[PDB]
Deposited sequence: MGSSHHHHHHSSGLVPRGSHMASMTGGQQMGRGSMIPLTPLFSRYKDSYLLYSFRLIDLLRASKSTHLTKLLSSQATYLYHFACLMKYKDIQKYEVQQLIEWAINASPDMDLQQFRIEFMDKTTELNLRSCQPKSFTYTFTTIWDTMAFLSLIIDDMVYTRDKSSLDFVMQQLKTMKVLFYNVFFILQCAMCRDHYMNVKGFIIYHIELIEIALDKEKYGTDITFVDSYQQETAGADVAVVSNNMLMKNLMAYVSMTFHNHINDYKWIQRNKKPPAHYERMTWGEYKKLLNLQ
C-alpha cells in the first residue's frame, strides 16, 4: 500500500473534499447526461477511497437532495448522512476548496494506480478494469471552482496523463501473454525501451506523470498571463516528500 506520509494525508483529504463538492452538483444538475456523469464519477471516486452499497445510498441521497439548499446546508445534511451510513471515513476534515484540492485529488489517484500495478497478482484482469475506470475519471475532471481557461487548457492536454495509463495497460496486457513487467527507476529508461519484445515500466510512473504534468501547467501559465517567470518541483524532492522507494 501507499506510504503513509504527511503529504499523502493532505491528498486523501482534498480527495474527500473533492468527492463531497462533486456530489453537491447532483442536486443542481441540469441534464440527464451530467447527472449520469456525476454519479458515476463520485461512485468511482469513493470506490478508490481507502462499502459500495452504503456509497450507493449516499449517492442516491445526494441525487434527491433539495436543489434549493445552499452548499453549507448540503454540507450539514451530508455530514449526518455519512454519519448515519457509517461513512464517517468519507467526511473531509477541511472544506476550504482550491486548485490544490484538485491537484491533490489527481495526485492521489495517480498514487493509487502505481500501487495497484505494484501489488497486482498474475487479478490482472482486475487491475486492467480499474485502469479503464481511472481513464474515465481523468477524462472528466470537474473544476467546480470557476476557471474557464483552466478548463479549456486541461481539455487540450489531459490526453498526456491518459496516454500513460494506456501504457501501463499495454504493460499488463503483455504480462498476460508471457513477457513480464520489468520495473525501471527513470522515465528515460522506460521511453528508451519502447523504441525497440521488452516490457519495461517506470516505478511510480503515474506519480512522475502527475508531477511532470503539474509542472507543465505552471510553466505554461506564464505564456498565458504574459510575464517573465521560481522553485520548480523535481522528481527527487517529490519521492522524498512521499517516501516513494
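Asker: Checking coverage: what stretches of the deposited chain sequence are missing C-alpha positions?
Answerer: Those stretches are 1-34, 85-91, 164, 239-241, 275-277, listed in order.
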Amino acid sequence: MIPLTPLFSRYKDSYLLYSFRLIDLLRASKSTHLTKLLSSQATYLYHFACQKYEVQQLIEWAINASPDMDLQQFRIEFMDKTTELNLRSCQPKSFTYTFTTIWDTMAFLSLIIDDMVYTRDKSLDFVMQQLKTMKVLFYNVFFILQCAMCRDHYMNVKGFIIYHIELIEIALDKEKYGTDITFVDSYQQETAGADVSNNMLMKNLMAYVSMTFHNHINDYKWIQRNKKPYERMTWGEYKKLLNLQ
From here on, numbers count along this sequence of modelled residues.
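Asker: Averaging only over Cα atoms, indicate whether 102-110 or 126-134 has the higher B-factor in the PDB entry.
Answerer: Per the deposited B-factors, the answer is 126-134.
Asker: Looking only at CA atoms, which has the higher mean B factor in the entry: 13-21 or 231-239?
Answerer: Stretch with the greater average CA B-factor: 231-239.
Asker: Among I217, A192, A65, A207, single out the one with the highest C-alpha B factor in the record, please.
Answerer: Reading the PDB entry, the winner on C-alpha B-factor is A192.
Asker: Of the three thirds of its chain by CA temperature factor, lowest, middle or highest, which one includes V196?
Answerer: Within its chain, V196 is a highest-third residue by C-alpha B-factor, going by the deposited values.
Asker: Hey, what third does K81 fall into on Cα B-factor, ranked over its chain?
Answerer: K81: CA B-factor falls in the middle third of its chain.
Asker: Ordered by C-alpha B-factor within the chain, which third holds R27? Give me lowest, middle or highest, please.
Answerer: It falls in the bottom third of the chain.
Asker: Lowest, middle or highest third: which one holds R75 when the chain's residues are ordered by CA B-factor from the entry?
Answerer: Ranked within chain, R75 CA B lands in the lowest tercile.
Asker: Ranked by Cα temperature factor within the chain, is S94 in the lowest third, the middle third or the highest third?
Answerer: For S94, the deposited C-alpha B-factor lands in the middle third.
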